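Chains B and G are the protein sequences, given in the same order.
Just add 249 to the spot in the first sequence (first one is 1) and you have the authors' numbering.
Just add 140 to the spot in the second sequence (first one is 1) and you have the authors' numbering.
Virtual Cβ for every residue (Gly too), placed ideally from N, Cα, C.
Below: the structure, in structure tokens.
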Amino acid sequence: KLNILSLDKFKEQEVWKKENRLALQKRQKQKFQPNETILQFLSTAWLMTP
Amino acid sequence: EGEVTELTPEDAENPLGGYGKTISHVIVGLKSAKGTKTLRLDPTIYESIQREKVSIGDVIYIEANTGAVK
Numbered sequence: 250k251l252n253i254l255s256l257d258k259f260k261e262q263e264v265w266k267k268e269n270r271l272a273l274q275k276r277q278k279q280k281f282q283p284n285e286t287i288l289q290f291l292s293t294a295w296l297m298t299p
Numbered sequence: 141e142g143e144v145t146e147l148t149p150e151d152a153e154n155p156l157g158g159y160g161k162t163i164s165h166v167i168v169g170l171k172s173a174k175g176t177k178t179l180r181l182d183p184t185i186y187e188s189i190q191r192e193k194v195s196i197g198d199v200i201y202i203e204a205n206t207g208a209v210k
């Protein structure tokens, strides 16, 4: 019983660690200016019908 | 070539959404001697307009195929 308790605790800890690593990577990927206005230029192929 | 009379960008739906304000054309109206017209230029003209600091009442020189203004 005690070992099952410890095992579920360890599983939760491992899931938390992996998710936190993924979140840190995502936060690293999102490096940009905070809450600033942005000017965007877009060009794309546009389909046409009569 | 002609005096700048109108300068209005027309809003259009954003292909990428995002609730931003988008412009599909910039409208420039030029008046000349025995002539006047309104142009639906591409949105790129905004850079040249800013660089040449044109205004209403200014007479400008815009190349048809290049997109530059003066």
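Beta-bridge partners assigned by DSSP to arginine 191 of chain G: none are found.
Not flagged as an interface residue toward chain B: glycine 175 of chain G, since no C-beta distance is shorter than 9 Å. For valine 209 of chain G, the number of other beta carbons within 10 angstroms of its own is at least 16, and it is reported as buried. Across the set B/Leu256, B/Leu271, B/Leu291, the C-alpha of B/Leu291 shows the shortest separation from the C-alpha of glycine 157 of chain G. CA-CA distance, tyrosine 186 of chain G to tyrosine 159 of chain G, rounds to 21 Å.
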